[PDB]
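What follows is a short report on a single structure.
Residue numbers (our numbering), protein chains in the order written: chain C, 468 to 575; chain R, 468 to 575; chain G, 468 to 575; chain W, 114 to 550; chain X, 114 to 550; chain Y, 114 to 550; chain B, 14 to 135; chain D, 14 to 135; chain F, 14 to 135.
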């Protein structure tokens, strides 16, 4: 399974970090981490499909890498429109895809 | 399965064509079509084992190729001794051999 | 299965041979013959792990090869301390290891 | 300042394989060695049809060319397990069988195309022809007279390609005593000798050799000699002597051998059928005559008759060679062993033996005569001597700086009845000789 | 016994890209061609940072350098199926992305580094400068004057690497008539022209050319000429003209193509960003003056302006070339077909197309002028002539042993108003001429 | 017409490694440099027995040769995972272990076999020996005196192989501006230096050097000098100096490394044991004496003593080299990546690293002396000079056309007490000098 | 402005049969896969099935194989998902998603343009 | 003049056991495979089984595996086919055929020298 | 002087559960496999199971799979073997042995340093 934070808060204009982890093992480039976002009653939008790759049309204030055997998503200069959910997914075995829990990020 | 003509007739000294087809898909050299003949109460004789290859001792009046996604067997200068049966076989999957129906070719 | 002698005797200072064979097939390098020894109430000691290889610390009076489609173990200049058992093992299929019967070698 | 003036032939409409008479009547108070331009033409071959899987058509030079059936060897009789055949372009492109106008044969010029052009030349003034010579004496002079420094540019006059070198970037190496960066060097070339679909028009600038045209002071006066009667005759080479065909189709063969290491072998064999070569004209063939304003050491060469004979498959590149030659072939493969089950790991599960389409041919030259014996009636000359003495040491110690050391064992130097003591006797020996030098 | 004595400059602190005035005032009753030592320094480049998977930073020479994302082509717009990118060292070592000080660019010297050093030289005695020349005249003299025998050692004076050959052991071969052991020969070289991380200091022994310093009897007397007023001026080369940067990082691409035979293709593309090159000093740069005790045939050369212009990507190895050149690339692959199921075996189950990191570049040179026409007012000279005559035959037949046959079509020999009839017209033609020979 | 007559030795039964006295008493009114024939014999080695899987027999030159057990490194102590060893013929053929008379060592001649033959020669007439010299003087003369044009044939007199080139057919290329057909060129050679099972009998045509035998006018009269007292002494080379053994057996190693990409590495290591070499006779060894009918520029060469010492593993090809050398090894592999599951397609499922049996050895030569200082008592001569000046520039500017530019840094030109300022000090420096030129 | 619309969700008794239709516009439906992602209420997102570009190959998950059949219709650009043997756990939100092939191809790696999704309850 | 003869066919009650013997002459039986082809009355031909050159490897069809056992006898050159669990559809004509190995090898591609065949009824 | 010690053997009723513990000293237990070999009284030796270096992969035999659970513990260098569904044939001598990887790796080829073994009866 995938362990991820239940909730998280951020002040406006600050920097936030989110961590996605495995139950027992570590995380490397092979696990293929991917970060999405799910605003209410809107379709999910791809943010980070490989460890650090991102598609076109997404603002360049997003990031993401591997730190401390975890998948880390860092948001800098967050606006007030990020009242959404963030979740993590990973690729294990040869054809296994496992998604993680969601954080309802809150901006004060 | 393999679809092939129920029956066919030819005039002496004329040219005849026979078609072998699949139920849904097409036919390429991958299927490795093969044409035999089966006179009554005599063992079958190989005629065209690949698309156009033939063994030794077979008269050179036989032919065969792929046309219109079908396996075509053309007989030119047919004699009166071709009162026999002709059927088609094909190779599918990795170890699947499927034979087809027979034409009782008749010479007027 | 593996066929091997039930019993065998040797005079002091003489030369002895032991044969290990298959039920039906022959024996080649791929079978990987291995010869052990098992003195009573002591752990078995590796003697010949490939056809002719031996580990360190084993006296150089032992040998072994393939002869007559059999695995042959030859002992030359045997002492009086060889009152032990000798058995043969072989490798078949891709992960199959089959051990053989034991000879209670006796020195007069 | 002096300027050289041209002259045109009077016969008109030059054709290959026919005799041409050129005037050179009176232009120039003094004249020396002449130069003749020759601009060649296109060399595209004729279109051909792909064979059928059972065809066994007759080939060229009496050699049968076959397209084997599936499951047979190169011959159509002996059965071979797991053999599959396909048609391929020499560059690797697939060729569909049984299609009209499917491929074209490659056309390539023979080595030294401009040297075989003058198969025979006569220098005459109203009969009593003063000079005769041919291609073999020019080949001997080239192999001995011209210096090695004045070579590369001279290699462009006779339409022979020259090599160019390239690099491959940095590479890491180890140095052993009691790491570094090095660069690899590769050699490659292209030109008339390279088989190509379409040959650009060549430009031969052929040089004429004469005994009195080697020094400016040795030129005969034009006023004393009859100017109006000079007529130089040249026998142009046959159209089938210069150009040649290289196969434009290959019969790729693939195999499969069962066992613990399952190998896959791929081999190739040419399908060569002599097509029709487009006619090649000789246009703008002026002679840029150079006009200005005012016993001893003897060279011999021995050649097999098979070098010039049309029965030779490689006669286009063996004609100038002195001494019978053989072909050495290095076929390089690309081995690669792979294991799938990672639980035995002793013998490779699978193997590959990919091979190149065209091999690497080395023309190894061997001596033809193990002994020489020149026994003339007047003088005994030399008898029972090894060939290595007259091939290597005599040019090394005699001749000076003008002479260049021979490369082929066939030709030699001796400081007329000539005998030989060879073992490769086939009544094929032919001798060329020059003594005026 | 005679000994040559040195002399030091009076200005002091030599710097690259600045004019240097050297005395050579009075030492020696008679003097001839001078020799100048120049010891260079280290050439380590500056450390750089690895790119990010989305970076598209601007490159050099107006060419954009990109690091494509996964699943895209080289451009970041067109989607390509199954493309994976990674960073690698030119030697194959992995390079971690996004790490500070991750790699260093390679530094390599331009071809003939010691020849571009003297871009301009003036020989003067109290004004009224007696002699002027530059690098192009020296290049022409090198291409024609110096013999081919006196080459290899001369190739060491100007800091140009020389090739060395090795073997590959015995190999088995077949010989065809109507088995043997042979050895293969490979060529490789290393030196200033090979891109290296850390260039050892060079040692240029540059030679000075003069009309009166070619023979001992042609030397002017020192007492008659003003000794104290001689001042030789040399314009040292720019620091950006000798050295150059080779990419120290590569963007490896891996692919996967479906279908009956799976194909795995690997390709490479350099990531070149112009870093900072460490300053290079010229220490111990004495001139070991050699002091001892007591119309005609003309060379001309034609060069495109793009050869010298900084816009040329390969200007460091094209400056000395006469005639526009192109690059031929042979990318060699390593094919290997494997079968797993040993049943149908119609086609190879899987394949590989491993390719080398760096290609093999061949600098093919082509003629620039189709026709020559030198029409002077006083004398008509030559008009409407092909380039091959003045490039090959004239040096071959005229000049003697001192002249060497040209290798490039750009330079030719003509035995001032000069016109051309070329087709590659871009107002880039530049002419150099030598007539004193 | 003049003819050269032979002469036979009077001692009889020539043997290797012994002194031979030849008369050359009185034949010829005038005589010049002599030629000596020497026909060698077979060189087949002795049969040997294959090793056992546990054998660690002592090798040659103090180096231990081991046959490692399965699952160990080259040493029989450190355990290595997944290592399997096998015996192979250098040509790839399998060799069965433990079989009597299983393989034969290859035999190859040392570089320049005909040059080491005359390790010492004395020219004397009834005592008071007029002339002495050895092999090093001949090597120094060879590297400088003989022209580069008179080289290839001269390489045949001393039994040195010469290279021949072949092609590889047409290939398709891309041309970049701002498709074509090209041909590749490969070089290969075979002969005495190539290790072979059975060596054809050689034919050395050794040349003798003398000060008075360089010009026809400098020959001393035979009548004035004592004809009956002339006796030339030659010390023939040792049998162990010319021929040498190359390993006829190889210990192939195969590996398997786990992880996501399985890697199969194949490596080789020779098993060299010095066998017994068949005795080589010198028959038909006449001296074909050539009989006809009627301070300055100084050369020095510096050589390490290890070049001649028997402890050198490569002493057979380093004896003629001036300056200590190192060996660069390029081991080329054949990579091939394969994917089986066509789902993840991220990293190769399996790989291969097949390597050639024999590497490519480059003999890189390096300067031995950083500085030169020849300080004689009478004249200071040269002091504190770089080696590059005397190695390259002096031959380039002095000597004329006869001299050839040096290729090795060891030897040099200076126009007796000699000192050195080298850093590679091991008391191994040996000097050779020529002054008569 | 490519759009994707799911349809066929609604209240259904357990043990019945359901059809889910996925339609798209603004893009070429021929050269793209179709994946189905199930999101349970108050839980994570699960992967369900894969259909190839032309429907030649298909794959499923461990807990749904044998009950769900995926199919394509490239003429009218519509992907169909039949599902039988309904139980209570099927209450979730189903998302029809597109995918490219970078590194891994068959199960999807990029997953562009998620649909709005349709809620299905028992 | 190579010949092949089949034997062992005849009337038999359903659920019994049958043996089919295939003998050959005029050719080397060592280096050739043996295939068995079933032709139903008024229908097409079907492939049944494959036996290797020395009997090490064998293969069968989907609808007959588990009931038919093929075997070889290289001594006096006879191929045996045991078949059990007889039913009504077994009524057909069985042909013992030879084969080479071009392209595909184990199932047979060339199939030279068909036998006369033997009729088996229930 | 490397040593291996087995423990956990003794009289037990059929159908129970047993634990066999193999401990080692004098060698690095991290980089070595552990195999278990059963020797029946008056019969030959058999191979039972394989445990990898770090317990990632395991393998068993045909007649014992489903009842044998091999495991490792690299903290204090001890290998465990759980066995259930006891029957009378289990009466034998069990030996825990080390192994290298030459040629074949997973099943073991060299098998150095056999333990004294422990007798287990029903």
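From the three backbone atoms N, C-alpha and C, an ideal C-beta is built for every residue, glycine too.
Roughly how many whole angstroms lie between the Cα atoms of residue i and residue j?
i	j	result
residue 527 (chain C)	residue 383 (chain Y)	60 Å
residue 525 (chain X)	residue 266 (chain W)	11 Å
residue 477 (chain W)	residue 291 (chain X)	13 Å
residue 353 (chain W)	residue 530 (chain R)	39 Å
residue 188 (chain Y)	residue 164 (chain Y)	16 Å
residue 300 (chain X)	residue 475 (chain Y)	9 Å
residue 531 (chain W)	residue 483 (chain W)	15 Å
residue 497 (chain G)	residue 53 (chain B)	55 Å
residue 546 (chain G)	residue 375 (chain W)	49 Å
residue 564 (chain Y)	residue 479 (chain X)	An answer regarding residue 564 (chain Y) cannot be provided, because it is not within the stretch 114 to 550 covered by chain Y.
residue 473 (chain C)	residue 483 (chain C)	15 Å
Leaving out five residues before and five after residue i in sequence, what residues of the same chain have Cβ atoms less than 7 Å from its Cβ?
i	result
residue 404 (chain Y)	117, 118, 140, 141, 144
Leaving aside the five residues before and after residue i along the sequence, list all residues of the same chain whose C-beta is less than 8 Å from its C-beta, in chain order.
i	result
residue 44 (chain B)	66
Skipping 5 residues on each side, what residues in its chain have a beta carbon closer than 6 Å to that of residue i?
i	result
residue 537 (chain X)	481
residue 544 (chain R)	528
Could you tell me which uninterrupted alpha helix (DSSP H) segments, each at least 4 residues in length, are contained entirely in the segment 17-47 of chain D, listed from first to last along the chain? DSSP runs (the alpha helix (DSSP H)) wholly in the segment 17-47 of chain D: none.
So if I threshold CB-CB distances at 7 Å, which residues from the segment 558-575 of chain G count as touching chain F? Look at the segment 558-575 of chain G: the residues with a C-beta under 7 Å from a C-beta of chain F are 558, 562, 564, 566, 567, 568.
Give the list of continuous beta strand (DSSP E) stretches no shorter than 3 residues that lie fully inside the segment 350-436 of chain Y. Correct list: 356-359, 363-368, 375-380, 411-417.
State whether the segment 459-472 of chain W contacts the segment 467-481 of chain X, with contact taken as three or more CB pairs (one from each stretch) at a distance under 8 Å. With the cut-off at 8 Å, the segment 459-472 of chain W and the segment 467-481 of chain X do not touch.
Against chain F: residues of the segment 427-459 of chain W by CB proximity under 7 Å: Using a CB distance below 7 Å, the part of the segment 427-459 of chain W facing chain F consists of 456, 457, 458, 459, ordered along the chain.
Where are the alpha helix (DSSP H) runs, 4 residues long or more, that stay fully inside the segment 246-293 of chain X, in chain order? Segments of the alpha helix (DSSP H) lying fully in the segment 246-293 of chain X: 248-257, 265-270.
At a CB distance below 9 Å, what residues from the segment 116-135 of chain D approach chain W? Give them in sequence order. Result list: 116, 118, 122, 123.
Quick check for students: name the residue ranges of the alpha helix (DSSP H) that lie wholly in the segment 463-513 of chain X, counting only runs of 4 or more. Entirely contained in the segment 463-513 of chain X, the alpha helix (DSSP H) runs reaching 4 residues are, in chain order, 507-510.
Where the segment 367-389 of chain X meets chain Y: residues whose CB sits under 7 Å from a CB there: Residues 369, 371, 375, 377.
Quick one: complete alpha helix (DSSP H) runs, 4+ long, within the segment 71-122 of chain F? List check, alpha helix (DSSP H) in window: nothing returned.
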